[PDB]
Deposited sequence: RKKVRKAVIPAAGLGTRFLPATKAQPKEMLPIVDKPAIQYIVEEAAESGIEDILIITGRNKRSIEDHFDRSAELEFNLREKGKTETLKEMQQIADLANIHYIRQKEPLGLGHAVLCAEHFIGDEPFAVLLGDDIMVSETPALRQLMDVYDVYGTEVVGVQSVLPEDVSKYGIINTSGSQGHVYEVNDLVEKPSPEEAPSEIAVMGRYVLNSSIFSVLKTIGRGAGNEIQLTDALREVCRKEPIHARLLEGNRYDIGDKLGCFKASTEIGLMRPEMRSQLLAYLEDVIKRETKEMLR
């Protein structure tokens, strides 16, 4: 049973300045939720009970977000917002959130190694926080279900258009079966010709304790290479992810994500669409002059 998960969150989030000048990338609101909350929500509903966040300096707000906020709870009760005061309490209840500091930044490989003693001897989940997934079955849960079966290192995938492939990590299927591709090798951001498929891994993984040894020997320790050297000995699995994927690596990415998820809320759906119609009308008019 996979019951533990690792979110690396040590990035200084430069792509988002000046929003992130003095506050973390992962706290940026997506609709009105911090990005990080979406990821912990994924994990909780996937049945993870314990999360380790590899954090850095001045990311106190993440730790605060998932605890009881006394001065807020008071202020909410003392104003009636009872539904809200309950929503806030639930956030602090999603999972047991552990923290470790990445000492200096040596990438998602060092980061995964930090988890070593915490997970110890289980299979664990890693969730980079690079995209938000809307699904009938939570994205990670789907990776776990392929794990429950094959019990090897499973990867989460979706297809992407050629001439996009240098942005992502790439499987190399010889076989494809059910909802589960079968991995023979792996490449980190290949040139469109170098690339042996149009399938990218979407910052979701389930891994084995084993992977720790593996990750240590290999060593700027890229995590993919350790999936590669596991593939030479033995072949892994990949799940095609049911659901909608919103990349949030960009300022624009985020705007899009805010909009699409916004459109899922009945209270904002119509207000939003109406507003977008009127922006376009206004932009056409101004343009024909």
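Participant: Report the unmodelled segments of the deposited sequence as residue ranges counted from 1.
Facilitator: According to the record, the gaps fall at 1-2, 222-226.
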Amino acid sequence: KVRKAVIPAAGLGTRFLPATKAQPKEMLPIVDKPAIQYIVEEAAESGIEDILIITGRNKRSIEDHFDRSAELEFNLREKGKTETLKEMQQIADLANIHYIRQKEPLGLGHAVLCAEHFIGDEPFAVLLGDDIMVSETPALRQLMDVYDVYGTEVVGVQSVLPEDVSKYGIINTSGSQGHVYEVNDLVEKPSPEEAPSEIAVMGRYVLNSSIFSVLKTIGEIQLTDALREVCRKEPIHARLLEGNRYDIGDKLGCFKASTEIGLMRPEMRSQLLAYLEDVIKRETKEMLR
From here on, numbers count along this sequence of modelled residues.
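Participant: Comparing 180-188 with 128-136, where is the mean C-alpha B-factor higher?
Facilitator: Per the deposited B-factors, the answer is 180-188.
Participant: So which stretch wins on mean C-alpha B-factor, 137-145 or 168-176?
Facilitator: Mean B over CA atoms: larger for 168-176.
Participant: Looking at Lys233, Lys251, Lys33, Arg60, which has the highest Cα B-factor in the entry?
Facilitator: Highest CA B-factor of the listed options: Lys233.
Participant: Considering only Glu194, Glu87, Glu73, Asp93, which residue's Cα atom bears the greatest B-factor as recorded?
Facilitator: The C-alpha B-factor peaks, among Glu194, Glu87, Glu73, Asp93, at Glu194.
Participant: Lowest, middle or highest third: which one holds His98 when the chain's residues are ordered by CA B-factor from the entry?
Facilitator: Lowest third of the chain for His98's C-alpha B-factor.
Participant: By its CA B factor, does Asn244 count among the lowest, middle or highest third of the modelled residues in the chain?
Facilitator: For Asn244, the deposited C-alpha B-factor lands in the middle third.
Participant: By the recorded C-alpha temperature factor, relative to the other modelled residues in its chain, which third is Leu288 in?
Facilitator: As the PDB entry reports it, the C-alpha B-factor of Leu288 lands in the highest third of its chain.
Participant: If you rank the chain by CA B-factor, which third does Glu229 end up in: lowest, middle or highest?
Facilitator: Its C-alpha B-factor, which the entry lists for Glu229, ranks in the highest third among residues of this chain.
Participant: Could you look up the Cα B-factor of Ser46 in the entry and say which third of the chain it sits in: lowest, middle or highest?
Facilitator: Middle third.
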